[PDB]
Structure formats: structure tokens, C-alpha cells
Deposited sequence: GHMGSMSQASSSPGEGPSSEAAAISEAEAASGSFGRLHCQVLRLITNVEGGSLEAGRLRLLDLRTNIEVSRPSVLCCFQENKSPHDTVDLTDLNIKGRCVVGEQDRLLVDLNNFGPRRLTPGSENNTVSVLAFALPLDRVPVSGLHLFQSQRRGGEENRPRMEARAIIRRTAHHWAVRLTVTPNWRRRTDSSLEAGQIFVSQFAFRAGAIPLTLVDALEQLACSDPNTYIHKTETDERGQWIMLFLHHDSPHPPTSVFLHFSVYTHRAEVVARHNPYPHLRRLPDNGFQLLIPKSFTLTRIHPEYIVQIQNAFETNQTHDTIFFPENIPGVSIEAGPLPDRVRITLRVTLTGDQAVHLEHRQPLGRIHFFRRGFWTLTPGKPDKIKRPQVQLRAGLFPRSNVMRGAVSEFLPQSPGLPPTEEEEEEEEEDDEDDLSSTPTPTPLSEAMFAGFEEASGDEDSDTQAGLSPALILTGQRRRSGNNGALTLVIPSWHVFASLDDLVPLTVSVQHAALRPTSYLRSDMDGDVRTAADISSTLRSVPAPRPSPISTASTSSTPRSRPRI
């Protein structure tokens, strides 16, 4: 309409400190409120809110301003922050790993972070995939007797067995052990060329579950591997499960239960298999589970750890077919306990194209939370124009077009008369500079 309509539309599109829109947010803040002695750890309130319209991975990493920067710890170090959801309040660990104390002023009060949201598309996963067995003259003794009924969309198997239980000791488990057995049953009317997944629906014992499953088409049997998590495994077991066609592109090597809790649409939550306490004399613990994912290069598998103050958990790509292993290192001035079955983080999947390997590095790797970095470097580093989000901690990069649009809100309190806003990439990259952040003490828990 009139030029007044043109001005209001432009003010709406460009936003303000209270409400902004971008693919990547940059915050340049000055630490205030108190001091941070060398060797201390305190929370830094960036005084900024992030919103998205669809559940996403909301990340906030320290910025690497040059492609030649290392991911080595810095004197003022910001631990990466990963939240899965639709909103987050940016509150990060600030470690003073440097030699000198932090003063209310001086050159060393300016930290910078990049915030962005990664999409969580729907990625189906087979938990109990029907792998092909490898054995052959003498085959399994057809130990279990099954009643197979074909329903509208799957095959239902009702099965009883008197299994041969074996104690397997395992110091990675809070119980220190787990009882295992295995047996086979005739495939019968089940078309083994069509089915590729199982789902347990009922069991006569509440601590017994199908751990993995194999098939042999030439022999027409299905091998089941059971796990039992109690001191006394049952003499006989009834099992009710379904055999169906899933055709998922991502499969688990073993049942994600009990260490990986399924999440809606995309990914799993990793649950601590054994309680441990990090102290300054035992500052590290390696969490490992006997499980891995196979994608056949159709998806990237990233682990996004919980936000536990004073602890640094390895984050990033998990390679296919290698046991899921994550290192937990103490980075605070105080002991931190982690309880059995407490969540350590979330595994999430990304389509083949989203993450691309940085052309200069061998492959995709994980890194401690305290070494998470993000940068905005041009596509002219696909050799060694437009800016791309590069995560050098992982040796990967993504295009800004594929990120989830952020709705940023810097709170009025954080603003000073020197605060200003900058814009790049036609508003896809917005920077909030000379805003103020508050130091906070780490809570008691």
C-alpha cells in the first residue's frame, strides 16, 4: 500500500532484541556480576531465549572465529550446550582454564557463541532386526515350540521354552552380571524373505527379554537370544512376539532395551548402566554399552549429551558397528555423582546429506563437551562464497538452509547503551554484540 506499510513490514522482518529470526545466532557478551578465579567454574547466563516451532536440537557452542583455530581449551572456556525441545534459556558452563583471574574489565571478558537448531526428521529404527545367522550339517536342536498365527499385518508367535541359562559377568552393569540363553524354533509359515524385524509383546517373566535374533533361510529356523536381569532366571519362559516387515534404514545390533530408551520419531536416550562418582582422583569414567547402529551410510548418528554442570561428556558422531562408548570427565571443582538408569544424553539421526565431512579431515569424530566449537566459514573452504555452519570438533559442516529457524529473544536486562545488532546472509546470520551476561554459582546437586 503506502510507504508506511513498507516501513512496518521491514521492521517486522528485521526484528529487534526482544524478538529476532535467524538460522544462526551469534552472541558477543561481556561477563559481569562477579569474578571468576583461575581454576574456577561458574554458570554464565547469556540472558537469551531460543524458540523453534518443531522439536529440534537447540545447540549453543563457543565460536571458532577462524578455520585455522584449534579446538583446544581456551583460557575462558564455554562448555557446549545441547537441548532437545522447542525452547531453551542459554545457560552454559564457563571454566577459567587460563592462568589469570577474570576481572570485571580488561580484554578477557568477551566470549562469543553460536546458537542453532538441528532438525529431527522421522527416522524409523528396527530394535530387533532379523540378521542372517552364520553357522551347518548339524543345526540348532529346535529347542522351543512355537504356535504361529498370521494376523492382518504381521505374524504372531506364541512360544514356550525351558532355556539353558548361563551367568555372564559384566562389571559395566550395576548388577555386575546378566543371565543369557539362546534357542531356535522352526520358521513354519513365516516367510523369512519378507520379514525383517521382531517385537516382544508379552513375557511370563518381567525381567526376561529378547536380546537379539538371527535367521537361517536354508534351515527355516529363527534363533532367539534371551537376557535375564535378576539373580534367579526362570525355569521356563512363555514369549509372545510379532514378526513383521519394517524395512527401516537404521537397525540396532541388539535390542535397545534396557540401556537405550526409544524416543518418539527420532533417536534414543542413553541411560547410565552403572552408578559412578567422579572425583579429582577419579576424574574420568568411560560409559560403554554392547550396542551399535547400522545405517549403511544412509544416516549420521550423533550423541547429544545431557547438560550436567561441572562434567564434560563426549558429544558428536558415533561410528556404525562399533560399541557405543562415551567418555565422562570431571571439569568442575566438586565431585559429581551419576546414578544407574539416569540419562547421559540422546542419540539422534540425520539424513545422509545434512552433515558433510570437512574436506580437510579423515572422518567424523566426537569430542568432549568442553571442546565443542562452531564457526561460520565460506563455502570456499570446501576446497581446503556463502557462509556455512562448520563444527570443527566433529569434522563436519551443514548448510544454513537446512537449519531450523530460530526465534531469539535477548532479555531487556542484558542490554546496554553499547549493544547493537548486525546482519549477514540476508538476515540468516544475526549477531547480538555488547550485551551483558551474569555469573552464577554451580548448584549443590
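### Query
Numbering the deposited sequence from 1, which residue ranges have no coordinates here?
1-17, 153-155, 405-483, 545-564 are the stretches of the deposited chain that have no C-alpha coordinates in the structure.
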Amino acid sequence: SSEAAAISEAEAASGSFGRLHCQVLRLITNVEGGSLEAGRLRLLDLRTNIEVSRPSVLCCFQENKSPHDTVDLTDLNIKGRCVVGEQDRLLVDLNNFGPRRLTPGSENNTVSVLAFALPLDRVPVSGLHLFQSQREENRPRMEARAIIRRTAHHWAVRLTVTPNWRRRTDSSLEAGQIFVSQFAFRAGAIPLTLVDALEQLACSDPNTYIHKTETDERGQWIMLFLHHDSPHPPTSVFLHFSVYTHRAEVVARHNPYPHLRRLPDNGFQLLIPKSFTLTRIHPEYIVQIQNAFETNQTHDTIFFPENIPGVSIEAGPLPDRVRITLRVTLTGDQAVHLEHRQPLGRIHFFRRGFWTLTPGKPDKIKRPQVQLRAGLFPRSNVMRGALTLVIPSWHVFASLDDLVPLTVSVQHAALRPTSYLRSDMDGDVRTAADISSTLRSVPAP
From here on, numbers count along this sequence of modelled residues.
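### Message
So, looking at the entry's B-factor column for Cα atoms, which has the higher mean, 89-97 or 270-278?
### Response
Mean B over CA atoms: larger for 89-97.
### Segment of higher mean CA temperature factor, 190-198 or 102-110
Looking at the record's C-alpha B-factors, the answer is 102-110.
### Residue, from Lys361, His211, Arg122, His240, that the PDB entry assigns the highest Cα B-factor
Out of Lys361, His211, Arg122, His240, the record gives the largest C-alpha B-factor to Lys361.
### Message
Ranking every modelled residue in this chain by its Cα temperature factor as given in the entry, which third contains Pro140?
### Response
CA B-factor rank for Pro140: highest third.
#### Entry: Ranked C-alpha temperature factor of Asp72 among modelled chain residues, by third
It falls in the top third of the chain.
#### Entry: CA B-factor placement of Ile50, once the chain's modelled residues are sorted into thirds
Answer is middle: the recorded C-alpha B-factor places it there.
### Query
Among the modelled residues of its chain, does the C-alpha B-factor of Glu284 lie in the lowest, middle or highest third?
Middle third, going by the recorded CA B-factors of the chain.
### Task
Grab the CA temperature factor for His227 from the record and place it in the lowest, middle or highest third of its chain.
Lowest third.
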